[PDB]
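Everything below concerns the one structure shown next.
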Amino acid sequence: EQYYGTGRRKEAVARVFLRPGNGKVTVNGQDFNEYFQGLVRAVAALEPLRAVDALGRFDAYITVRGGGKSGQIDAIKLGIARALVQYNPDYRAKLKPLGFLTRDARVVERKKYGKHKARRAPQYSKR
Amino acid sequence: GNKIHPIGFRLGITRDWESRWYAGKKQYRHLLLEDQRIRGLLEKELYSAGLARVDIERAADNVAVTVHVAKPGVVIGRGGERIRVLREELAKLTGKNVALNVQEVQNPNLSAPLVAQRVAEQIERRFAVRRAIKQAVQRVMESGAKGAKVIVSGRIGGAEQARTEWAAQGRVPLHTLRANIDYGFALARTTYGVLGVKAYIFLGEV
Amino acid sequence: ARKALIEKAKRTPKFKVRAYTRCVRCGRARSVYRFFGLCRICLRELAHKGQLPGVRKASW
Amino acid sequence: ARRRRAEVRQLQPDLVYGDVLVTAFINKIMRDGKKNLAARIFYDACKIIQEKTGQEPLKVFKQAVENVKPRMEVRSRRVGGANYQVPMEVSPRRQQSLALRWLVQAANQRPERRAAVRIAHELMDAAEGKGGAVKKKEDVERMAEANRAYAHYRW
Amino acid sequence: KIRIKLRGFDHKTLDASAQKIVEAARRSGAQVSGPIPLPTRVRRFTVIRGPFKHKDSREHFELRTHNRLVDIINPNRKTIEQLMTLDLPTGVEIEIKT
Amino acid sequence: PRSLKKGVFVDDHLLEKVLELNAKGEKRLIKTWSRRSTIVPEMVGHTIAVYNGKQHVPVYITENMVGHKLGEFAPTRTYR
Amino acid sequence: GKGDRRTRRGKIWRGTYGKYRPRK
RNA sequence: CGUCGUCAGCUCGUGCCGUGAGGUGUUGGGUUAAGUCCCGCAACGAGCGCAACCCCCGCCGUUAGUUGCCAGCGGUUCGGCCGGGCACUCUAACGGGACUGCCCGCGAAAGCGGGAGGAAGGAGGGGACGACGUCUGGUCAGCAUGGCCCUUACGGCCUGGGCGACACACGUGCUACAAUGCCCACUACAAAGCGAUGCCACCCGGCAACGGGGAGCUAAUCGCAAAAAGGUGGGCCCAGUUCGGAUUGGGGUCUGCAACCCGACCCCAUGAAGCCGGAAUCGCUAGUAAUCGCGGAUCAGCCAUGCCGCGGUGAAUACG
Ligand SMILES: [K+]
Ligand SMILES: [K+]
Ligand SMILES: [Mg+2]
Ligand SMILES: [Mg+2]
Ligand SMILES: [Mg+2]
Ligand SMILES: [Mg+2]
Ligand SMILES: [Mg+2]
Ligand SMILES: [Mg+2]
Ligand SMILES: [Mg+2]
Ligand SMILES: [Mg+2]
Ligand SMILES: [Mg+2]
Ligand SMILES: [Mg+2]
Ligand SMILES: [Mg+2]
Ligand SMILES: [Mg+2]
Ligand SMILES: [Mg+2]
Ligand SMILES: [Mg+2]
Ligand SMILES: [Mg+2]
Ligand SMILES: [Mg+2]
Ligand SMILES: [Mg+2]
Ligand SMILES: [Mg+2]
Ligand SMILES: [Mg+2]
Ligand SMILES: [Mg+2]
Ligand SMILES: [Mg+2]
Ligand SMILES: [Mg+2]
Ligand SMILES: [Mg+2]
Ligand SMILES: [Mg+2]
Ligand SMILES: [Mg+2]
Ligand SMILES: [Mg+2]
Ligand SMILES: [Mg+2]
Ligand SMILES: [Mg+2]
Ligand SMILES: [Mg+2]
Ligand SMILES: [Mg+2]
Ligand SMILES: [Mg+2]
Ligand SMILES: [Mg+2]
Ligand SMILES: [Mg+2]
Ligand SMILES: [Zn+2]
C-alpha cells in the first residue's frame, strides 16, 4: 500500500510517501512543477524512479521542511530512493551503483575566527 | 605564550566546577560577585589552614560553602570557635543563612594548589629555588602520583635577569583530556618583585 | 582603573545616561559583559578556574 | 599539488542532453553560483541555434568546441638569464578546458545585448570555423610553432 | 495533571532529576508523559585570548541551558508524597504550574 | 536635514537670565558655557559670550540667526 | 545598488523601512 | 598573548664509544599527515610533543511527547483548526557503527593499488588542542608587581573643548561602474540566535521615520521575522543612462538632561566620481572560492559598512 523513506541534504529533510498510481506528485500540497517553478534542477529529484523504469507504476506524496529548494530537491531524491527499496530490496542491486542510496554529507563549513569566513583569510599588505 | 589552563581545558570530563548553581540573566551576575566575595574573605583568612579549594553549591538563599583544607583544625578553632565566628562573618556579608562544611585533604602533597603555595612560601623565606622545586616534585612523586611538575617564574634569587626553573617526573600529558591533572598557581611577593609558581600533579586516567 | 574613577558605582548619575558599567573584578570599563558584570579578561580568567558555573569551552 | 596528482572531479550528466561536457560549459557560463540562471542561458541559446539553424544544438555545440581546442601552445621558461616561449603539446584535458573557457570568454565579447544570443551565435559561429574563440585558438598555435627553435627545451 | 519545568546547566543534573520525579510518582499517579527534552538555548561568549591587541586569537565559551517536562496527569494524592520533599540535584531549578 | 521635535531646547541658565534682562532694557555681555542652548527671538539684539573651550566669544545675535545654536558661532578648532 | 536608500535593496541593506520598503 | 608552527621535532635513564666537548639511542632501508608504524642496529626503554580520550556534522537504534500528522480515521469558521494517535519530522540524553575487518593484486613487514557490502572506507568533514625553546616580541593603560618620581599637586571635582582637526600619503574594507543587469509587483524555500518595564502581533493616524491604542508570551507554545539570492509578470534598451548614490538645500522623526563642534533614521529636491583600474599585490583546493540574506555581543542611541557566528545557491583548476 505505502512505502516510506526520508532523505536529507544540506540540512533539509523530506517525507517521501510512495503509492501505486500514475505519476502524480504532491509536495507540501502542490504539484511537483507547482513547487519547483522553473528550476532546471527539479527533474533530478525523480531520477531514482526513472532508474528502475518506475514512475510509470507509482505515485508520491511528499512533505518537506528545512534548508533550501535545491537541498530539498536532493532530500526528495534520497527519500524516493529509500522508499523504492522499501517496496523491493532487489532494487538496490541496480539503484545503488548510481549512488542514489548515499546521503550527501558535505555541509556549510564553520566560520573560524581570524578568517573572513571559514577559509577566506584577511588581506595583508606590505608584508 | 601558549597552552591553555589544564583545568578550564578539562571541565567537560576529569574535572568539575567550583560553583554549582543555576541562575538567570537577572541573578547570575550577582550570585557570582557574591560567590567571589566569599572566596575573598575566605582565602584572605583561612590561608594558614592551607585552603586548596572552595566549592559553592546554591539552591535558594541556601549556600553550601565547602572549604577544603589540609589542617581542618585551623578552620574549627578552640572547641569550635572559628567555624562560629567566620560562619557568622559570612551570613553578615550576605544575609543568606550560609552553611560552611569543612574537609580535610587525604594528603596535601597531591593538592596542586598547596604544593604551589608551599614552594611559593619557601621563596619568600629566601630558599634556594631549584632545591625547593626538586623537593616538591619529590614529595608529590613520593606520596603517589603518576607524574608531577613545578614551574617558577623569574628573578630567581633577586637576579636582574628573570628566568624560569623547571623540574618534573613521570607522565604529565597536558594534551590528553582524561588525564585528571590537578593544577595550582601560587604568587610570591618579594623585596625585589613577584615570582610565580605553577603546580602539576598527574593521577589516574580513564 | 583609577580608584577615583571606580566611583561609577555611585548611583547618583545626575542624568541616567552618564551611568556606565565596569568590570566588577578589575575595574576595566572597555569591554564589560552584562551577564557577568565582567570584562573579557577577568571573564576568561574565572572561566578557566571553573568558578563560572555552566560556562564551558565551546567547540564545533 | 605536491603530493598526489589530483583526480579530476567527475561531473553530473546534463539535465537535458545527459552530457557531462554540457554541465561543464554551463559551469563556465555560471558566475556567483547562479547555476539556474546559467543553465537557462545555455538552453535558450540551444533553442536559438535550433531556429536559425536546422542542425541539432547538441551537435553544433560539440563541433564548435572541437574547433576551438588548441593542439599546441608556448609555455614560458627560464634558461641562463632569459625567458623562452617553449612550444609544448597540449594535454587533452587542458584542451577541453581552454576550449570551453575561450568560447564563453569570446562569447561575452560579442555585441548582441542578450546573453543567450551571444552564446548562441558564438557557438554556431564557431562550428562554422569563424569567431573570436577560434581566433584565440589559432593565435595560440601560431604562437607555438613560431618558436619551434626553442622546441628542444622539451620541458 | 501537573505541568513541571526543569531547567539547568548540567544535562546529567536534570536527567538525574526528571527521573528522580517520574519513577517516584510513577507508582501513585498517571503513567506520566515521560520526560520530554525541550531544546537547549546556548549563550556564547567570544573573547580575545590576550590582554592587549592580538585581535585574531579569541577563545569560545558557551553557557548551555537544558530543559525538560515530565508532565504527570491525575494530580493524585499518593503522588505528591513519593515526591514533594525528597529533592537531590543542586544545580537544578524547578517551576510548577498545572 | 536638522531636527529636535517639540520643545526647542534652551538651557534656562541664560534664558530666565535674558528674558529678565529684557525688563530693565538690555545689557552688555552674558558669558555662557551652554552652547547647547538654541538661540530664540528674545535674544536678538543681545551679545552672548560663548565658551569655545578655551575662551568666551562675543556673539551679536541677529534676526537672521534666530533658529541656530550658540555653538554654531563659537568655532572650536583653530586651523591654518 | 545597496547604497541607494530610495530603493528596495537600499532599505534592506540599511535594515530600515519606509516608503520604498514598508512593513508589508 | 603573539610568532617560527600543529612544523613534526625536543629530551631523559641506564648501558656502550670518546682524554674531552660530545656521540650512540633519534642514523639507515620501507612507510606515514606525523620521531606514524615496520625492518635493521650497541643499545634497551622512557618523558614532553604525533596520535587517541572531548565537542560539532553525516547513517541507525532505545525513551520521551503541549513542537511534527488526514501517515490513518472522524469532525472543517479547509487554520493540523478540534478529537485523536505517536508512526514520521524534529527536539536531546544514551548507545550502535569502520577494524584495512572481507576479497584480489604487491610486499618481508608496516603498508600501497584496487573491488564488495555499507550513510560513511582507510586520519569521513570541521573544531578544541599548539613540545624543549626563539624573537631582551607585546602588554607597568585590564589586573597583579620590585624600584624610581608627584604628593593644595603628576591626586580629586566639575562645565566646555579635544580624542571627530587637514595641503597630503598608506593599510583594511564598503558601494559601484551595469542587460549573466537595474526597478516595481506577485509568490517560494533556511539556520542559528536574542526578548517582562524587553521583543512587540493586530488596529488607527502619517508618503514614511515613527506616534496613539493594544492582544500575547517567565517564551519548541508569543514577538523579533520580511529571507534574498530565486521563480512569475511587467518596465528600462546601451545611454553615464530607470547604471551609480557621493555631495548639497529643505522639511521631519526618534534616543537622550543636551545631537553646533559631533548621532542614526525618514521624505522632497540635488544626482558627483566612476565605462572595470599603472608598476605592483591578496585570497581560496571544494559545500571551499564567489555570491545572498539572517542573528548576536557591546549598547540609551549610534557614526557596524567592523568583529563573531548562521544558513541558501554553488564553480574553476592542480601537468607538475
Ligand atoms: K624578553
Ligand atoms: K565625486
Ligand atoms: Mg556561506
Ligand atoms: Mg581583522
Ligand atoms: Mg589602579
Ligand atoms: Mg554609555
Ligand atoms: Mg562598558
Ligand atoms: Mg578585534
Ligand atoms: Mg538606482
Ligand atoms: Mg600534523
Ligand atoms: Mg646515554
Ligand atoms: Mg676523537
Ligand atoms: Mg669514559
Ligand atoms: Mg646523550
Ligand atoms: Mg638527534
Ligand atoms: Mg644524538
Ligand atoms: Mg647520527
Ligand atoms: Mg612518538
Ligand atoms: Mg619520517
Ligand atoms: Mg634504533
Ligand atoms: Mg622590548
Ligand atoms: Mg617590537
Ligand atoms: Mg610598576
Ligand atoms: Mg581615534
Ligand atoms: Mg594640514
Ligand atoms: Mg569598511
Ligand atoms: Mg497609513
Ligand atoms: Mg552629536
Ligand atoms: Mg566621466
Ligand atoms: Mg555603459
Ligand atoms: Mg589546503
Ligand atoms: Mg548584521
Ligand atoms: Mg545597538
Ligand atoms: Mg559618522
Ligand atoms: Mg549592522
Ligand atoms: Zn575584567
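Taking residue A:90, is it surrounded by fewer than 13 Cβ atoms within 10 Å (Cβ to Cβ) and on the phi < 0 side of the Ramachandran plot?
yes
Can you tell me which residue is farthest from the other protein chains (Cβ to nearest Cβ) among those in the stretch B:14-41 that are touching a residue at least 40 places away in the same chain (Cβ under 8 Å) and in a helix (DSSP H, G or I)?
Among residues in the stretch B:14-41 that are touching a residue at least 40 places away in the same chain (Cβ under 8 Å) and in a helix (DSSP H, G or I), the one farthest from the other protein chains (Cβ to nearest Cβ) is B:41.
Considering each of E:57, E:17 in turn, give the residue that is of a type in the set (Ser, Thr, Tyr), more than 16 Å from ligand 7 (Cβ to nearest atom) and over 19 Å from the mean Cα position of the chain (by Cα).
Numbers: E:17 fails: over 19 Å from the mean Cα position of the chain (by Cα).
Sole residue among the options that is of a type in the set (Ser, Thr, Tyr), more than 16 Å from ligand 7 (Cβ to nearest atom) and over 19 Å from the mean Cα position of the chain (by Cα): E:57.
Only residues that are without any contact (Cβ under 8 Å) to a residue 60 or more places away in the chain and within 14 Å of chain C (Cβ to nearest Cβ): list them for the stretch E:8-20, please.
Those that are without any contact (Cβ under 8 Å) to a residue 60 or more places away in the chain and within 14 Å of chain C (Cβ to nearest Cβ): E:11, E:12.
For the stretch C:7-36, which residues satisfy the criterion of being closer than 30 Å to residue B:185 by Cα and either outside any loop (DSSP other than H, G, I, E, B) or away from chain E (no Cβ under 13 Å) (or both)? Reasoning before the result, please.
Filtering the stretch C:7-36 down to residues closer than 30 Å to residue B:185 by Cα leaves C:21-36.
Scanning the stretch C:7-36 gives C:21, C:22, C:24, C:25, C:27, C:29, C:32.
Can you tell me how many residues within the stretch D:15-59 are closer than 19 Å to residue A:45 by Cα and touching a helix residue (DSSP H, G or I) at 6+ places or on another chain (Cβ under 6 Å)?
3
List every residue pair whose Cβ atoms lie under 8 Å apart, where the two residues are 6 or more positions apart in sequence or sit on different chains, the first residue falls within the stretch D:120-137 and is basic (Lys, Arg), and the second residue, located anywhere, is outside any helix (DSSP H, G or I).
Pairs found: D:137/D:69; D:137/D:70.
Considering only the stretch C:46-60, how many residues are outside any loop (DSSP other than H, G, I, E, B) and either more than 10 Å from chain E (Cβ to nearest Cβ) or hydrophobic (A, V, I, L, M, F, W, C) (or both)?
3
Can you tell me which residue is farthest from ligand 6 (Cβ to nearest atom) among those in the stretch E:35-49 that are in a loop (DSSP other than H, G, I, E, B) and surrounded by 14 or more Cβ atoms within 10 Å (Cβ to Cβ)?
So, considering only residues that are in a loop (DSSP other than H, G, I, E, B) and surrounded by 14 or more Cβ atoms within 10 Å (Cβ to Cβ), the one farthest from ligand 6 (Cβ to nearest atom) is E:35.
For residue C:4, which of the numbered conditions (1) assigned to a helix (DSSP H, G or I); (2) among the small types (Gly, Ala, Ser); (3) within 12 Å of ligand 7 (Cβ to nearest atom) fails to hold?
Going through (1) assigned to a helix (DSSP H, G or I); (2) among the small types (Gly, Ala, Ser); (3) within 12 Å of ligand 7 (Cβ to nearest atom) one by one, residue C:4 breaks only (3).
Please work out if residue D:84 is in contact with a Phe, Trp or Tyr (Cβ under 6 Å, 6 or more places away or on another chain) and either assigned to a helix (DSSP H, G or I) or not hydrophobic (A, V, I, L, M, F, W, C) (or both).
Yes: the conditions hold for residue D:84.
Restricting attention to the stretch B:1-13, report how many residues are more than 7 Å from every other protein chain (Cβ to nearest Cβ) and either surrounded by fewer than 19 Cβ atoms within 10 Å (Cβ to Cβ) or among the charged types (D, E, K, R) (or both).
Total meeting the criteria: 6.
Search the stretch E:45-56 for residues being within 16 Å of ligand 4 (Cβ to nearest atom) and in contact with a strand residue (DSSP E or B) (Cβ under 9 Å, 6 or more places away or on another chain), and hand back the single one that is farthest from residue C:32 (Cα to Cα).
By that ranking, first place goes to E:49.
For the stretch A:56-115, give me each residue that is within 13 Å of another protein chain (Cβ to nearest Cβ) and either free of Cβ contacts under 8 Å to residues at least 24 places away in the same chain or within 16 Å of ligand 36 (Cβ to nearest atom) (or both).
The answer is A:99, A:109, A:110, A:111, A:112, A:113, A:114, A:115.
Working only within the stretch D:114-123, note down all residues that are crowded, with 23+ Cβ neighbours inside 10 Å and among the aliphatic types (A, V, I, L, M).
If the condition is that a residue be crowded, with 23+ Cβ neighbours inside 10 Å and among the aliphatic types (A, V, I, L, M), then D:119, D:120, D:123 are the ones that fit.
Please go through the stretch D:80-113 and pick out each residue that is under 18 Å from residue D:57 (Cβ atoms) and exposed (fewer than 14 other Cβ atoms within 10 Å of the Cβ).
Scanning the stretch D:80-113 gives a single hit, D:112.
Would you point out which residue out of B:164, B:176, B:190 is touching an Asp or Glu at 6+ places or on another chain (Cβ under 9 Å), among the hydroxyl-bearing types (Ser, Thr, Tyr) and under 27 Å from residue B:8 (Cβ atoms)?
B:176
For residues that are aliphatic (A, V, I, L, M), farther than 20 Å from residue B:23 by Cα and more than 12 Å from chain C (Cβ to nearest Cβ), tally how many sit in the stretch E:21-79. Steps first, please.
Residues of the stretch E:21-79 aliphatic (A, V, I, L, M): E:21-22, E:24-25, E:30, E:32, E:36, E:38, E:42, E:47-48, E:63, E:69-70, E:72-73.
Retained after the next criterion (residues that are farther than 20 Å from residue B:23 by Cα): E:21-22, E:24-25, E:30, E:32, E:36, E:47-48, E:70, E:72-73.
Next, from what is left, pick out any that are more than 12 Å from chain C (Cβ to nearest Cβ): E:21-22, E:24-25, E:30, E:32, E:36, E:70, E:72-73.
Looking only at that region, the number is 10.
Go through the stretch D:1-77 and tell me which helices (runs of 4 or more DSSP H), entirely inside it, have 1 or more residues that are within 14 Å of chain A (Cβ to nearest Cβ).
It comes to D:20-29, D:35-51.
Can you say whether residue C:41 is without any contact (Cβ under 8 Å) to a residue 24 or more places away in the chain, part of a helix (DSSP H, G or I), surrounded by 10 or more Cβ atoms within 10 Å (Cβ to Cβ) and more than 10 Å from chain E (Cβ to nearest Cβ), as far as the supplied structure shows?
Details: without any contact (Cβ under 8 Å) to a residue 24 or more places away in the chain: yes; part of a helix (DSSP H, G or I): yes; surrounded by 10 or more Cβ atoms within 10 Å (Cβ to Cβ): yes; more than 10 Å from chain E (Cβ to nearest Cβ): no.
For residue C:41, the condition - without any contact (Cβ under 8 Å) to a residue 24 or more places away in the chain, part of a helix (DSSP H, G or I), surrounded by 10 or more Cβ atoms within 10 Å (Cβ to Cβ) and more than 10 Å from chain E (Cβ to nearest Cβ) - is not met.
Name the single residue, out of those in the stretch E:60-98 being of a type in the set (A, V, I, L, M, F, W, C), more than 23 Å from residue B:59 (Cα to Cα) and crowded, with 16+ Cβ neighbours inside 10 Å, that is nearest to the chain's Cα centre (by Cα).
Across the stretch E:60-98, the extreme among qualifying residues is E:72.
Because the Cβ atoms are built from the backbone with ideal geometry, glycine has one as well, and the counts that use them run over all protein chains shown. Coordinate-derived values only; no laboratory data.
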